[PDB]
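Chemist: Residue numbers (the deposited numbering): 1 to 59.
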Amino acid sequence: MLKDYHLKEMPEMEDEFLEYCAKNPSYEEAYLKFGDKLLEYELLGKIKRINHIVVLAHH
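1) Determine the closest residue to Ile50 out of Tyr27, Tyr20 and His6, with distance taken between C-alpha atoms.
2) Checking the sheet assignment: what are the DSSP bridge partners for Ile47?
3) Just checking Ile50 against the ligand COA - is the residue's beta carbon closer than 7 Å to any of the ligand's heavy atoms?
4) Decide if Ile53 is buried, meaning its Cβ has at least 16 other Cβ atoms within 10 Å, or exposed.
Structure, rendered in structure tokens:
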């Protein structure tokens with residue numbers, strides 16, 4: 001609609017992470033860029049890691 005500037009709200013972005021995880025190679029970059037987001041989602045069951053890199057776990 002209107003022209004927005006630099007002003008943006010940052011509540012908690014997480015679907016950004018969840019679609020970035022489709023870049024399975026270098027899962028380490030998707031961890032370290034975000035932070036503890038990859039750790040918790042791995043322990044949860046949105047993603048998993050077991051092989052060498054991350055796999056998606058759409059349940």
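Note that the Cβ used here is the ideal one computed from N, Cα and C, for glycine as well.
Modeler: Let's see:
1) As a first step, residue 50 is located in the sequence shown; it is residue number 50 there, counting from the start. Measuring from the Cα of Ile50, the nearest candidate turns out to be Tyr27.
2) In the sequence shown, the residue the question calls residue 47 occupies position 47. BP columns for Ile47 point to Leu56.
3) Of ligands this structure carries none, so the ligand COA is not represented either.
4) Against the sequence shown, residue 53 aligns to sequence position 53. Answer is exposed; the Cβ neighbour count stays below 16.
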